[PDB]
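Taking it in order: structure first as structure tokens, then the write-up.
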Amino acid sequence: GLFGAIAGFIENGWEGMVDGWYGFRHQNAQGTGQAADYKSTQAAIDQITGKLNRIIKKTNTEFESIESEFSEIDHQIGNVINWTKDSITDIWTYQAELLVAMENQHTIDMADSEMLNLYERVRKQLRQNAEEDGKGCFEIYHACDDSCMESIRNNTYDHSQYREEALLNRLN
Amino acid sequence: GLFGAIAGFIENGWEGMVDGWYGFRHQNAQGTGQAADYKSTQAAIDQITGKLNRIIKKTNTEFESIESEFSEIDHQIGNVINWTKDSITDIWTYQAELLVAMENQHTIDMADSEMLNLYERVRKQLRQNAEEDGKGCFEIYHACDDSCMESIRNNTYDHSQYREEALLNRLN
Amino acid sequence: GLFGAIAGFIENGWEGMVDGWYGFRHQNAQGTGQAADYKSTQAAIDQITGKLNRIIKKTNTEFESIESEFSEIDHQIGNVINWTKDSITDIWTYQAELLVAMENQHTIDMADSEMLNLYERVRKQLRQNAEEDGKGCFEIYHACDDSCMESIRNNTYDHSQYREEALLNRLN
Amino acid sequence: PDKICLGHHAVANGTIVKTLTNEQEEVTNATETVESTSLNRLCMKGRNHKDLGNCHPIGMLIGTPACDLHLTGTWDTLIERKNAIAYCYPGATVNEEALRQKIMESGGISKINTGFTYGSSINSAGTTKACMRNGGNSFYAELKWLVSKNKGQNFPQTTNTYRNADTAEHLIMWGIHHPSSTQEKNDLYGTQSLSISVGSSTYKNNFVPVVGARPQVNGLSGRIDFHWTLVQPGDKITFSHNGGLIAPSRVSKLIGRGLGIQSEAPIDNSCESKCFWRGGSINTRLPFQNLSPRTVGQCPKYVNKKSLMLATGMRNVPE
Amino acid sequence: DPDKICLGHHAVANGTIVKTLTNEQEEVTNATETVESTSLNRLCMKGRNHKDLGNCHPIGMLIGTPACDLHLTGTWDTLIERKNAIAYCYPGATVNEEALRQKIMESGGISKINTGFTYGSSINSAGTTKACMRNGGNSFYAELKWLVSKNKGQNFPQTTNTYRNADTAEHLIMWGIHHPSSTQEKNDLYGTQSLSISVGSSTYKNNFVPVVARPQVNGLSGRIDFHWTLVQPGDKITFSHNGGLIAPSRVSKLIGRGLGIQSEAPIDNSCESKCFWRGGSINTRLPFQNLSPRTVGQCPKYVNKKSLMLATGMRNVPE
Amino acid sequence: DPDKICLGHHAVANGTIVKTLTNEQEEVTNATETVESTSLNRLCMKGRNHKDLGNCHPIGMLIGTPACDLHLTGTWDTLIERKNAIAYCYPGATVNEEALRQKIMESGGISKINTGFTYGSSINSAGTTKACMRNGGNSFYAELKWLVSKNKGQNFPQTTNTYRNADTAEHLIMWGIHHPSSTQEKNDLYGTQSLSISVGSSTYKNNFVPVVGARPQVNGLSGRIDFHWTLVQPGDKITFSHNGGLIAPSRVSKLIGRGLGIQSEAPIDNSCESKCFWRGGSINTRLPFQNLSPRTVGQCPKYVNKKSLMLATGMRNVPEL
Ligand SMILES: *[C@@H]1O[C@H](CO)[C@@H](O)[C@H](O)[C@H]1NC(C)=O
Ligand SMILES: *[C@@H]1O[C@H](CO)[C@@H](O)[C@H](O)[C@H]1NC(C)=O
Ligand SMILES: *[C@@H]1O[C@H](CO)[C@@H](O)[C@H](O)[C@H]1NC(C)=O
Ligand SMILES: *[C@@H]1O[C@H](CO)[C@@H](O)[C@H](O)[C@H]1NC(C)=O
Ligand SMILES: [Ca+2]
Ligand SMILES: [Ca+2]
């Protein structure tokens, strides 16, 4: 993918996570947890909603019949109508194929970008108190209880509180 | 946004900055300053100019009248013309709506990318002598006078000259 | 470009590299080397192949003649056909110009992204044992023989083996 | 060391979509953009509609028996059916398809009496076995078959003139009877050469009843060919004839605009639609459709595509 | 306490709303319009060898109606027709009127060629009417002659006139057939005899019988209906007539190509344009336009959109 | 003194210029053309049961002009009309000419069916002309008969002829009306009487009067034979009431299946394959667009007003110096 997270450095998705699109799993002394990120899940859903609002629509143009279902039309004008309609249908077929292909590419890469933006938000929060796993995880070099983990998810984690402890553990 | 800088980790824009699109604010002993980045501002403007050159155009195809303004036309051919013109107008309306929507998305994300590319250029310049604020700022761990700040903006800052001082301040 | 690697922090391309699109150059005690990355080269080529499969095609719609080559046509229907064909040609000309412009933009940025994703994969592998050059190179702070370099390319480099040596060299 | 992992959801059963680069890309969710489902009914709920059933639109102007329920009215939707009857007595209409199309764009028909009266030497109420009504022989309700009262006698050279007193244009229709044999012609209109002149400010034309052997349609070799023209407000149309004219009792006035539908599908006044085709209605919110290239109303665009799936979620990467 | 360098982007107090793929209300720093709503109520004719026909209808320049006297020949790259323009001084119409008008309005000029036609002593070539006034005195179509008997009541001499196309390009020949009001008027001008008018070329062939009651147009129940055909190079057209023919003095030749404009808007030779409509000129550099679906020349495409704003700056994130 | 691993991308000496959304002169490593400029000046007929009409105009196949004698019946999937092809030996035209031509050029073959029409002793069926030469001797349209009186001046017998369609598919019946030069010629062939020709089916009905008037000579003949046509549905009859001036069919035609009609001056080639044709020949390209002609037939790349449109197939080229 463009942003290298989904089908990238994050090996696979979580079938277990059913309350959001993006979120966290942690392990500390006290045990394991899982929680969804609202802000980033809603960002992705709202952008997809926007596309559906734009694409699931028809023109309000009223078209009348120019081909009789039940009677023969002059052969020359019939051939012009047939040529014109088939030309219009080739254009709309092409436009439809390109629209969906293009939007599908954007939707996938957009979703990839929202995952990466969350990862980068956390990376910067943890500052010098953590290191990148390579698999989308952060090894935290201090006791991070369920209250500390909550502070990372809620964007209230203060790196300065745990800095001295963390740098000692990192340098060893 | 796709690149997570503008309407992202950078909290808001600067109404005060009127000599460029992207730039720096610094605080040192000497006081406060602000300066625009030319290279990255011109990169964004040149790409938008390119779009306007491609989009602000009509075809040089000469079209003649097929509908008389002042006299009645044969009813059958009139209905064919009406069907054809309305079909063409539905296509152009759609193409116009999609073009502008697609370019607008790209322009915004392109501008986001130029901001991020500047941030990443600075991050790499400062190497081990600075740490990420999380709000698009770099905390520099050494005396950086107005001449040092200028060296960061002008892409001439040599990390090796301040390294030993900076690492001591960082480890404390 | 969008991802800031190709025509970005990587100053130029390698005319010398003729066995792949992306790859590595290293310098150690033992000397200099160059090798192509298969996975990332094939990723870029497969995406471009996909585009060619979608774009190098015509519709299977059978069109008949509505203009006689060898005889004069009624003047009114001739003008309608001329107007319709010119309108259709304006649409296809526009669609063709936009398709190629849009795909060209995507191909370039896609290739940029595959370069960056490889750089970021390596960055994370080396963890605290290396520092970013700023020019797309990694300064490794330990003896990295041709076998160690091979381990970086093959994604088998274990940072923990060289960590204590590297951190000492980095802090001095 | 403690550990915090970032991740995204996945699903067991993902959906395949096409991208710019990949023909088989698995995502968590997708939705269809092309409608393949039709309702085999004409959804007429919001609509002052008129189902002509057995009646062909031209039949409502000349008043064929089958059209007796359809000689006047107002509508926003008119539904023509297959094998609908326009002519009880065999014949055709010059510019048939232009007239049919004109009626099917209309939003109703008003009728206006022509007032035409004929001398004692003309029989106005000529009838045929083909146009049955109340179980007895009859004729087109809006026209009169003018014949001599004394069989064989030459037809009185007569003149009838309709004036348009209205503020809007009127659609006048008449017939010319082309008999099978010279025996039948002389029997009804007399031995003399026949001429029928029709003249207005705008329109002018002459008609000669041609006599010649032809195949039997409903056991009748005779033909009544119908003609028509618009009569502008305040303008007159005059019918100079010495026999062979089928004269109008009433002219027609097409009012406003309406959606013409040709379909075999039954009506349903519970269901709403703005898009119709031969096979019924299309109620879909989707932008495209692969049911028919022949549709009428506000319609999704026809595409040569079974399915086009639009991704509504990220790449599905299972474990 | 550590020194600090911050990165940031501009913003503005008054941002503009644009539509993106994902967001209907996206605020950016700057945007520009892509749909033109403004027209100039003038025909911008700078750099154009134009011809304003004013009161003259294009068909009138081929037959030579008084109003068209200044427009019988010339060269142009642009021809401007006006509302209620006069084609016929004497009441009548032209078969294939709109095909002929359209053909003239694509042309880049008209040349005239003498037919050379001469008539015996028993024919009056210079027949005149009160309807076609010129120099304040009775006259007729400049490019045609009204052929009548010199002795009133006398039968019209069976005459034959033939035009040969000596040129390398096709010529447009026009003639008229006079359909008189009454059998009294007909016998008075052409005589009691049955009238026939034959016209024949290699390609074209047709017969015309002057049909004889109708309402008065400018107080005249008489009609002169006009016909036309192309005559290929080296080919002849022959007029066999025993009275009732309105014969050409000159044939016409349409030269090169030109842009036909139907508009009520005045001329302006200071302003330049390549796009025109009923309401005037469209000079915009913008790709789209919502003024009219009826335009001519090199035009922005018509769209069903008031406004389409194209972002020319980043997201506006104010303080 | 520190070890170092550098990441990079390939480049090439000679890069190619493409257009993007933002940049008109963008250099990439490789690109490929999307617009075809090359045509083959030949009709590529490999795998096609084709028919080159050469000198024969499609309408000529229905009425049987000499030039068309080798093209009166057959089956094809491709029919090739040529420039200045002959439809009419005797001067005249066909009402709805272009609708009929177009109808034949969509067909996949022609069958012929005898009408069976017979005429009294007072009618000469085998009327001939100097214009329609065949076997080096005077002749006429093979599928029609020129009906004239056998005794010159004599009024033409009021005759009635009726064709029934016994077949399961519709048949294309054609007839002619002879419009003579002078009142002398008319009275000479059909007699002094006023002439009328009625044609009637279930669906079709029309009357025709042979008009007489002076006109220029085409192949030294001032006379005209104008042709008319209609479809006759299965089980339906068409009846010809005429008192002289009718050119009556000996045979009706049946158009079978479907075929691709091509108008071209280009020679045939049964070695080469194509599904797209124009005046100038064939278009074999796999490319999606084409700038050769807006007038094409078959499965074709779309016409564009563009010389070249280069599609990037590689990254930005950033060369070493
Ligand atoms: C137009 O197309 C329909 C089917 O798409 C076909 O049945 C019909 O015959 C065509 N009309 C002409 C005049 O070829
Ligand atoms: C074509 O469109 C215009 C505007 O809708 C309308 O006035 C005109 O009557 C239409 N023509 C026909 C023949 O229906
Ligand atoms: C239609 O366009 C072609 C373009 O060359 C031209 O030759 C032809 O004469 C045009 N027909 C009319 C009626 O303008
Ligand atoms: C927006 O762009 C145009 C330049 O074409 C200019 O009129 C306008 O002043 C620009 N900026 C703002 C902030 O309005
Ligand atoms: Ca067809
Ligand atoms: Ca209409």
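Letters for chains follow the order of the structure tokens (A, B, ...), residue numbers begin at 1 for each chain, and ligand numbers begin at 1 in the order shown.
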Could the residues of chain D within 7 Å of chain A, counting only C-alpha atoms, be given as an MDAnalysis selection string, please? chainID D and resid 1:11 18:20 82 259 262 285:287 296:304 310:312 314:315 317:319
Could you please extract the residues within 10 Å of ligand 6, counting only C-alpha atoms and all ligand atoms, and hand them back as number ranges by chain? A: 63-66; B: 75-76, 78-83; D: 101-102, 104-106, 257-259
What does the file look like for those residues with N, CA, C and O atoms, as an mmCIF file, in the first residue's frame?
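Dumped to selection.cif:
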```cif
data_model
loop_
_atom_site.group_PDB
_atom_site.id
_atom_site.type_symbol
_atom_site.label_atom_id
_atom_site.label_comp_id
_atom_site.auth_asym_id
_atom_site.auth_seq_id
_atom_site.Cartn_x
_atom_site.Cartn_y
_atom_site.Cartn_z
ATOM 1 N N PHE A 63 -35.859 12.163 -19.713
ATOM 2 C CA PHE A 63 -35.650 11.666 -21.102
ATOM 3 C C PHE A 63 -36.956 11.046 -21.608
ATOM 4 O O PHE A 63 -37.584 10.261 -20.866
ATOM 5 N N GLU A 64 -37.355 11.402 -22.833
ATOM 6 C CA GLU A 64 -38.519 10.818 -23.550
ATOM 7 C C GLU A 64 -38.030 9.732 -24.509
ATOM 8 O O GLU A 64 -36.816 9.666 -24.752
ATOM 9 N N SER A 65 -38.954 8.924 -25.024
ATOM 10 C CA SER A 65 -38.688 7.841 -26.001
ATOM 11 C C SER A 65 -38.349 8.456 -27.364
ATOM 12 O O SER A 65 -38.997 9.447 -27.745
ATOM 13 N N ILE A 66 -37.342 7.907 -28.050
ATOM 14 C CA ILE A 66 -37.010 8.222 -29.473
ATOM 15 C C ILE A 66 -36.999 6.925 -30.296
ATOM 16 O O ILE A 66 -36.810 7.016 -31.525
ATOM 17 N N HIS B 75 -40.331 17.481 -36.103
ATOM 18 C CA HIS B 75 -40.609 17.044 -34.709
ATOM 19 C C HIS B 75 -39.768 15.812 -34.353
ATOM 20 O O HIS B 75 -39.295 15.748 -33.192
ATOM 21 N N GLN B 76 -39.559 14.888 -35.298
ATOM 22 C CA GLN B 76 -38.846 13.605 -35.033
ATOM 23 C C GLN B 76 -37.356 13.882 -34.798
ATOM 24 O O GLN B 76 -36.816 13.384 -33.777
ATOM 25 N N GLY B 78 -35.978 16.763 -34.092
ATOM 26 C CA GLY B 78 -35.945 17.630 -32.898
ATOM 27 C C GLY B 78 -35.858 16.822 -31.616
ATOM 28 O O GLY B 78 -35.081 17.216 -30.729
ATOM 29 N N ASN B 79 -36.620 15.725 -31.527
ATOM 30 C CA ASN B 79 -36.655 14.815 -30.352
ATOM 31 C C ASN B 79 -35.312 14.082 -30.223
ATOM 32 O O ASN B 79 -34.849 13.881 -29.069
ATOM 33 N N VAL B 80 -34.722 13.679 -31.354
ATOM 34 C CA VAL B 80 -33.395 12.998 -31.390
ATOM 35 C C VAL B 80 -32.340 13.984 -30.877
ATOM 36 O O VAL B 80 -31.555 13.610 -29.991
ATOM 37 N N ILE B 81 -32.338 15.207 -31.408
ATOM 38 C CA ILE B 81 -31.385 16.287 -31.015
ATOM 39 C C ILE B 81 -31.539 16.533 -29.514
ATOM 40 O O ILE B 81 -30.514 16.548 -28.824
ATOM 41 N N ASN B 82 -32.774 16.691 -29.036
ATOM 42 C CA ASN B 82 -33.086 16.969 -27.608
ATOM 43 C C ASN B 82 -32.515 15.839 -26.746
ATOM 44 O O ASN B 82 -31.799 16.157 -25.764
ATOM 45 N N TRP B 83 -32.778 14.581 -27.113
ATOM 46 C CA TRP B 83 -32.251 13.386 -26.399
ATOM 47 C C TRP B 83 -30.713 13.425 -26.378
ATOM 48 O O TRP B 83 -30.125 13.223 -25.293
ATOM 49 N N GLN D 101 -46.286 9.843 -31.667
ATOM 50 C CA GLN D 101 -45.251 10.448 -30.785
ATOM 51 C C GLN D 101 -45.821 11.727 -30.164
ATOM 52 O O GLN D 101 -45.599 11.935 -28.961
ATOM 53 N N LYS D 102 -46.558 12.519 -30.949
ATOM 54 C CA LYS D 102 -47.119 13.835 -30.534
ATOM 55 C C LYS D 102 -48.153 13.629 -29.418
ATOM 56 O O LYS D 102 -48.149 14.423 -28.451
ATOM 57 N N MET D 104 -48.297 10.969 -27.376
ATOM 58 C CA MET D 104 -47.623 10.311 -26.224
ATOM 59 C C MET D 104 -46.747 11.308 -25.449
ATOM 60 O O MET D 104 -46.278 10.925 -24.337
ATOM 61 N N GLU D 105 -46.544 12.527 -25.971
ATOM 62 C CA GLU D 105 -45.878 13.637 -25.230
ATOM 63 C C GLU D 105 -46.932 14.494 -24.520
ATOM 64 O O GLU D 105 -46.544 15.283 -23.654
ATOM 65 N N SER D 106 -48.202 14.364 -24.907
ATOM 66 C CA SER D 106 -49.318 15.231 -24.446
ATOM 67 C C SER D 106 -49.661 14.912 -22.989
ATOM 68 O O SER D 106 -49.296 13.820 -22.515
ATOM 69 N N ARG D 257 -48.145 18.586 -21.094
ATOM 70 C CA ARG D 257 -47.052 17.597 -21.285
ATOM 71 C C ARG D 257 -47.299 16.363 -20.413
ATOM 72 O O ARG D 257 -47.934 16.502 -19.350
ATOM 73 N N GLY D 258 -46.807 15.201 -20.857
ATOM 74 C CA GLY D 258 -46.929 13.910 -20.144
ATOM 75 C C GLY D 258 -45.885 12.909 -20.617
ATOM 76 O O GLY D 258 -45.401 13.039 -21.775
ATOM 77 N N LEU D 259 -45.560 11.931 -19.767
ATOM 78 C CA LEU D 259 -44.549 10.879 -20.037
ATOM 79 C C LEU D 259 -45.226 9.699 -20.742
ATOM 80 O O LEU D 259 -46.085 9.057 -20.110
#
```
Show me which bits of chain E are within 10 Å of chain D, counting only C-alpha atoms, as an MDAnalysis selection string. chainID E and resid 92:93 211:217 221
Go ahead and save the picked residues with N, CA and C atoms, as a PDB file, in the first residue's frame.
```
ATOM      1  N   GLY E  92     -46.190  33.164 -49.858  1.00  0.00           N
ATOM      2  CA  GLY E  92     -45.766  31.816 -50.280  1.00  0.00           C
ATOM      3  C   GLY E  92     -44.769  31.204 -49.313  1.00  0.00           C
ATOM      4  N   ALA E  93     -44.276  30.006 -49.639  1.00  0.00           N
ATOM      5  CA  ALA E  93     -43.285  29.248 -48.840  1.00  0.00           C
ATOM      6  C   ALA E  93     -42.314  28.530 -49.782  1.00  0.00           C
ATOM      7  N   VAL E 211     -52.356  24.611 -58.560  1.00  0.00           N
ATOM      8  CA  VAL E 211     -53.651  24.330 -57.868  1.00  0.00           C
ATOM      9  C   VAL E 211     -54.347  25.667 -57.594  1.00  0.00           C
ATOM     10  N   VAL E 212     -55.670  25.702 -57.788  1.00  0.00           N
ATOM     11  CA  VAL E 212     -56.495  26.945 -57.770  1.00  0.00           C
ATOM     12  C   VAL E 212     -57.562  26.815 -56.679  1.00  0.00           C
ATOM     13  N   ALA E 213     -59.412  28.290 -53.440  1.00  0.00           N
ATOM     14  CA  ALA E 213     -59.791  29.272 -52.393  1.00  0.00           C
ATOM     15  C   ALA E 213     -58.890  29.093 -51.168  1.00  0.00           C
ATOM     16  N   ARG E 214     -58.404  30.206 -50.612  1.00  0.00           N
ATOM     17  CA  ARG E 214     -57.586  30.251 -49.370  1.00  0.00           C
ATOM     18  C   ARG E 214     -57.645  31.662 -48.783  1.00  0.00           C
ATOM     19  N   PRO E 215     -57.408  31.817 -47.456  1.00  0.00           N
ATOM     20  CA  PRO E 215     -57.349  33.131 -46.817  1.00  0.00           C
ATOM     21  C   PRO E 215     -56.305  34.075 -47.431  1.00  0.00           C
ATOM     22  N   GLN E 216     -56.522  35.377 -47.251  1.00  0.00           N
ATOM     23  CA  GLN E 216     -55.643  36.471 -47.734  1.00  0.00           C
ATOM     24  C   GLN E 216     -54.471  36.668 -46.764  1.00  0.00           C
ATOM     25  N   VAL E 217     -53.244  36.645 -47.288  1.00  0.00           N
ATOM     26  CA  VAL E 217     -51.981  37.019 -46.576  1.00  0.00           C
ATOM     27  C   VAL E 217     -51.466  38.324 -47.207  1.00  0.00           C
ATOM     28  N   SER E 221     -54.934  36.345 -51.815  1.00  0.00           N
ATOM     29  CA  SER E 221     -55.239  34.886 -51.686  1.00  0.00           C
ATOM     30  C   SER E 221     -54.302  34.064 -52.593  1.00  0.00           C
TER      31      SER E 221
END
```
As an NGL selection string, please: all residues of stretch 138-262 of chain D that backbone DSSP puts in strand (DSSP E or B). :D and (138 or 143-145 or 147-148 or 158-163 or 170-178 or 196-199 or 204-207 or 223-231 or 236-241 or 245-248 or 250-254 or 259-262)
Residue F:107 surroundings by only C-alpha atoms, 10 Å radius, close-in-sequence under 2 positions cut, as a PyMOL selection string: chain F and resi 75-79+102-105+109-110+254-261
Mind the document's chain letters and residue numbers, and return as a ChimeraX atom specification the residues of chain C that DSSP labels alpha helix (DSSP H). /C:38-55,75-126,146-153,159-171
Pull the closest atom pair for each residue of chain D that gets at most 7 Å from chain F, along with the distance in Å to one decimal, counting only C-alpha atoms, ordering rows by chain and then ascending residue number, as a Markdown table.
```
| residue | atom | partner | partner_atom | distance |
| --- | --- | --- | --- | --- |
| D:212 | CA | F:241 | CA | 5.6 |
| D:213 | CA | F:241 | CA | 6.3 |
| D:214 | CA | F:239 | CA | 5.6 |
| D:215 | CA | F:237 | CA | 6.4 |
| D:217 | CA | F:202 | CA | 6.8 |
```
Residues from the last selection, N, CA, C and O atoms, saved as a PDB file, in the first residue's frame:
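This went into out.pdb:
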```
ATOM      1  N   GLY D 212     -58.474   0.169 -56.953  1.00  0.00           N
ATOM      2  CA  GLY D 212     -57.597  -0.949 -57.339  1.00  0.00           C
ATOM      3  C   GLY D 212     -57.720  -2.111 -56.371  1.00  0.00           C
ATOM      4  O   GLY D 212     -57.938  -1.866 -55.166  1.00  0.00           O
ATOM      5  N   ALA D 213     -57.566  -3.335 -56.885  1.00  0.00           N
ATOM      6  CA  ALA D 213     -57.624  -4.598 -56.120  1.00  0.00           C
ATOM      7  C   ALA D 213     -56.527  -4.584 -55.043  1.00  0.00           C
ATOM      8  O   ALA D 213     -55.403  -4.114 -55.320  1.00  0.00           O
ATOM      9  N   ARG D 214     -56.858  -5.083 -53.848  1.00  0.00           N
ATOM     10  CA  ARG D 214     -55.918  -5.202 -52.706  1.00  0.00           C
ATOM     11  C   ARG D 214     -56.336  -6.356 -51.804  1.00  0.00           C
ATOM     12  O   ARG D 214     -57.503  -6.751 -51.800  1.00  0.00           O
ATOM     13  N   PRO D 215     -55.401  -6.906 -50.994  1.00  0.00           N
ATOM     14  CA  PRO D 215     -55.741  -7.955 -50.024  1.00  0.00           C
ATOM     15  C   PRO D 215     -56.813  -7.525 -49.011  1.00  0.00           C
ATOM     16  O   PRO D 215     -56.928  -6.337 -48.748  1.00  0.00           O
ATOM     17  N   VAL D 217     -58.287  -7.075 -45.340  1.00  0.00           N
ATOM     18  CA  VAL D 217     -57.966  -6.926 -43.889  1.00  0.00           C
ATOM     19  C   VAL D 217     -59.300  -6.888 -43.134  1.00  0.00           C
ATOM     20  O   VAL D 217     -60.035  -5.897 -43.287  1.00  0.00           O
TER      21      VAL D 217
END
```
Taking 3 positions as the minimum chain separation for residues in the same chain, which residues sit within 7 Å of residue F:268 when counting only C-alpha atoms? Answer as a PyMOL selection string. chain F and resi 42-45
Where does chain E meet ligand 3 within 10 Å, residue by residue, with the nearest atom pair and distance in Å to one decimal for each, counting only C-alpha atoms and all ligand atoms, listed by chain and rising number, as a Markdown table?
```
| residue | atom | partner | partner_atom_place_in_ligand_line | distance |
| --- | --- | --- | --- | --- |
| E:99 | CA | ligand 3 | 13 (C) | 9.8 |
| E:102 | CA | ligand 3 | 13 (C) | 9.1 |
| E:103 | CA | ligand 3 | 13 (C) | 7.9 |
| E:106 | CA | ligand 3 | 14 (O) | 7.4 |
| E:107 | CA | ligand 3 | 14 (O) | 9.8 |
| E:257 | CA | ligand 3 | 14 (O) | 9.3 |
```
Kindly export the residues of the current selection with N, CA and C atoms, as a short mmCIF file (atom, residue, chain, number, x, y, z; two decimals), in the first residue's frame.
```cif
data_model
loop_
_atom_site.label_atom_id
_atom_site.label_comp_id
_atom_site.auth_asym_id
_atom_site.auth_seq_id
_atom_site.Cartn_x
_atom_site.Cartn_y
_atom_site.Cartn_z
N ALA E 99 -33.79 23.23 -44.70
CA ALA E 99 -32.59 22.64 -45.33
C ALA E 99 -31.84 23.71 -46.13
N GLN E 102 -30.38 26.51 -43.77
CA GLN E 102 -29.22 25.91 -43.06
C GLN E 102 -28.02 25.88 -44.02
N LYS E 103 -28.26 25.56 -45.29
CA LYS E 103 -27.20 25.42 -46.33
C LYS E 103 -26.54 26.78 -46.59
N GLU E 106 -24.24 28.00 -43.61
CA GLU E 106 -22.92 27.31 -43.52
C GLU E 106 -21.96 27.90 -44.56
N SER E 107 -22.48 28.64 -45.54
CA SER E 107 -21.71 29.16 -46.70
C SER E 107 -20.77 30.29 -46.26
N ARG E 257 -16.89 28.24 -46.66
CA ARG E 257 -17.52 27.93 -45.35
C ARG E 257 -17.60 29.20 -44.50
#
```
When you get a sec, could you note down which chain C residues fall within 6 Å of chain B, using only C-alpha atoms, as a PyMOL selection string? chain C and resi 2+4+134
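From atom CA of residue C:50 back to atom CA of residue F:308, the distance works out to 21.7 Å.
Contacts from chain E to chain A at a cut-off of 8 Å (only C-alpha atoms) map to residues 21, 22, 23 and 24 of chain E.
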